[PDB]
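Structure record follows, encoded as structure tokens.
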Amino acid sequence: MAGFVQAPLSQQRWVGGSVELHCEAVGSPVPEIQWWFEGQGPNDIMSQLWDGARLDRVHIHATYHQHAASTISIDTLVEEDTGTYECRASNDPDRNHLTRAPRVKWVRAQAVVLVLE
Amino acid sequence: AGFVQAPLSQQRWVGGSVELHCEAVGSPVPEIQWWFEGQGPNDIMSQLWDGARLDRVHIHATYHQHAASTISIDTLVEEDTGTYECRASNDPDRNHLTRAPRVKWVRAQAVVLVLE
């Protein structure tokens, strides 16, 4: 299984600033970490963030020696960066792809980021 | 509200016990709840309560400066296996006095596996 030894921390930032969130997890094998995001307002749903997202303002750096560590950074914040950021970790062999054995659950830990003008 | 410590996944034995811990900050000091979802595509997340499962589940919390909460489970059985979720919020409407603006609580999860 996979478990968190550090969760990302909620924070309030300013339009034009930056934010950095950190996540750490253990397991054997060493788990993979992904970052996911959900905006405000009942239209928005959780989707995966990727290195280079949002016009290359989002950056993800990860290492996997002995334990999983991952940092997500966002340049030059705008208001719509506001929302819930979620770190997910798993060492399930089928987590990528499958096959209709349909469904690895990743453990999740959340931080809310509020961007004010 | 944010977490400064999430619960940690662990593997235990039928007949054993487990203890999960959660810590969160905010101002006002946020409330913490624990929720649980079993394995197998039938199961959905539901709130755990102090005394649950025939009084095998106990929840102790304190809210001075920061929110700290511990859930303990006595005498484990296989169906205690699943995902345990700590939720935290300091939203004034979270104990949802009908007022229809749907508070989101921040969540942090640990998986507990109970093997025979």
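Identifiers in the structure tokens: chain A, B, ... in order shown; residue index from 1 per chain; ligand index from 1 in order shown.
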Review point. Got a sec: who's within 10 Å of residue 106 (chain A), counting only C-alpha atoms, leaving out chain neighbours fewer than 2 positions off, as a PyMOL selection string?
Key: (chain A and resi 1-3+31-34+87-92+95+103-104+108-109) or (chain B and resi 83+109-111)
Practice item. Report as number ranges by chain: the residues of chain B with a DSSP assignment of helix (DSSP H, G or I), based on the backbone of this structure. Key: B: 52-55, 78-80
Exercise for review: Define the interface residues of chain B facing chain A as those within 10 Å, counting only C-alpha atoms, and report them as a ChimeraX atom specification.
Suggested key: /B:1-11,24-26,39-41,83-87,101-102,104-113
Could you write out that same residue set with C-alpha atoms as an mmCIF file, in the first residue's frame?
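This is the output file selection38.cif:
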data_model
loop_
_atom_site.group_PDB
_atom_site.id
_atom_site.type_symbol
_atom_site.label_atom_id
_atom_site.label_comp_id
_atom_site.auth_asym_id
_atom_site.auth_seq_id
_atom_site.Cartn_x
_atom_site.Cartn_y
_atom_site.Cartn_z
ATOM 1 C CA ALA B 1 -8.287 24.900 6.926
ATOM 2 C CA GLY B 2 -5.220 22.839 6.049
ATOM 3 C CA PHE B 3 -3.478 19.671 7.186
ATOM 4 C CA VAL B 4 -0.188 19.700 9.055
ATOM 5 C CA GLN B 5 -0.376 15.930 9.491
ATOM 6 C CA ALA B 6 -2.299 13.311 7.528
ATOM 7 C CA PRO B 7 -3.268 9.811 8.705
ATOM 8 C CA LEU B 8 -0.781 7.105 7.658
ATOM 9 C CA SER B 9 -1.713 3.948 5.755
ATOM 10 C CA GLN B 10 -1.083 0.647 7.524
ATOM 11 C CA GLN B 11 -1.387 -3.141 7.448
ATOM 12 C CA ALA B 24 -5.122 20.615 10.955
ATOM 13 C CA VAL B 25 -4.868 24.380 11.311
ATOM 14 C CA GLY B 26 -6.944 27.433 10.452
ATOM 15 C CA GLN B 39 -13.474 -2.082 -0.652
ATOM 16 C CA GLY B 40 -15.473 -3.375 -3.609
ATOM 17 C CA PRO B 41 -17.492 -1.098 -5.978
ATOM 18 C CA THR B 83 -10.015 3.874 3.173
ATOM 19 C CA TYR B 84 -10.058 6.125 6.231
ATOM 20 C CA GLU B 85 -10.468 9.821 5.569
ATOM 21 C CA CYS B 86 -9.877 12.801 7.831
ATOM 22 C CA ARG B 87 -11.919 15.918 6.939
ATOM 23 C CA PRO B 101 -24.226 26.667 -0.194
ATOM 24 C CA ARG B 102 -22.497 23.130 0.116
ATOM 25 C CA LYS B 104 -16.290 21.407 0.901
ATOM 26 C CA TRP B 105 -14.090 19.959 3.649
ATOM 27 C CA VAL B 106 -10.401 19.341 2.919
ATOM 28 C CA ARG B 107 -9.629 15.626 2.924
ATOM 29 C CA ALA B 108 -6.566 13.428 3.656
ATOM 30 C CA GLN B 109 -6.635 9.612 3.331
ATOM 31 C CA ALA B 110 -4.981 6.508 4.713
ATOM 32 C CA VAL B 111 -5.681 2.951 3.656
ATOM 33 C CA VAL B 112 -5.904 0.268 6.339
ATOM 34 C CA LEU B 113 -5.515 -3.379 5.334
#
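Counting from CA of residue 65 (chain A), the distance to CA of residue 49 (chain A) is 22.5 Å.
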Name the residues in contact with residue 74 (chain A) at a cut-off of 9 Å, using only C-alpha atoms, excluding same-chain residues fewer than 5 positions from it; report them as a PDB file with N, CA and C atoms, in the first residue's frame.
ATOM      1  N   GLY A  17       1.644  36.510  -7.530  1.00  0.00           N
ATOM      2  CA  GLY A  17       2.632  35.846  -6.699  1.00  0.00           C
ATOM      3  C   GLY A  17       2.940  34.452  -7.211  1.00  0.00           C
ATOM      4  N   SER A  18       3.427  33.596  -6.325  1.00  0.00           N
ATOM      5  CA  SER A  18       3.636  32.197  -6.676  1.00  0.00           C
ATOM      6  C   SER A  18       3.252  31.319  -5.505  1.00  0.00           C
ATOM      7  N   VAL A  19       3.065  30.033  -5.763  1.00  0.00           N
ATOM      8  CA  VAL A  19       2.828  29.097  -4.675  1.00  0.00           C
ATOM      9  C   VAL A  19       3.571  27.803  -4.943  1.00  0.00           C
ATOM     10  N   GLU A  20       3.833  27.074  -3.871  1.00  0.00           N
ATOM     11  CA  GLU A  20       4.572  25.840  -3.961  1.00  0.00           C
ATOM     12  C   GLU A  20       3.947  24.876  -2.965  1.00  0.00           C
ATOM     13  N   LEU A  21       3.585  23.692  -3.430  1.00  0.00           N
ATOM     14  CA  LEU A  21       2.972  22.718  -2.565  1.00  0.00           C
ATOM     15  C   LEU A  21       3.834  21.466  -2.545  1.00  0.00           C
ATOM     16  N   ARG A  54      -1.012  25.005 -17.881  1.00  0.00           N
ATOM     17  CA  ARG A  54      -1.412  26.399 -17.761  1.00  0.00           C
ATOM     18  C   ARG A  54      -0.384  27.333 -18.368  1.00  0.00           C
ATOM     19  N   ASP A  56       2.610  26.718 -19.299  1.00  0.00           N
ATOM     20  CA  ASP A  56       3.929  26.487 -18.703  1.00  0.00           C
ATOM     21  C   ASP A  56       4.174  27.274 -17.410  1.00  0.00           C
ATOM     22  N   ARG A  57       3.111  27.508 -16.646  1.00  0.00           N
ATOM     23  CA  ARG A  57       3.235  28.126 -15.327  1.00  0.00           C
ATOM     24  C   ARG A  57       3.301  27.078 -14.204  1.00  0.00           C
ATOM     25  N   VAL A  58       2.862  25.859 -14.511  1.00  0.00           N
ATOM     26  CA  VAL A  58       2.863  24.779 -13.554  1.00  0.00           C
ATOM     27  C   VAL A  58       4.056  23.860 -13.767  1.00  0.00           C
ATOM     28  N   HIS A  59       4.805  23.598 -12.693  1.00  0.00           N
ATOM     29  CA  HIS A  59       5.970  22.705 -12.770  1.00  0.00           C
ATOM     30  C   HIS A  59       5.938  21.638 -11.672  1.00  0.00           C
ATOM     31  N   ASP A  81      -6.478  30.216 -10.483  1.00  0.00           N
ATOM     32  CA  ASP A  81      -5.637  29.177  -9.874  1.00  0.00           C
ATOM     33  C   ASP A  81      -6.231  28.776  -8.512  1.00  0.00           C
TER      34      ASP A  81
END
Point to revise | Expected answer as a ChimeraX atom specification: strand (DSSP E) residues in chain B | key: /B:2-5,10-13,18-25,31-37,46-47,57-62,67-73,82-89,106-115
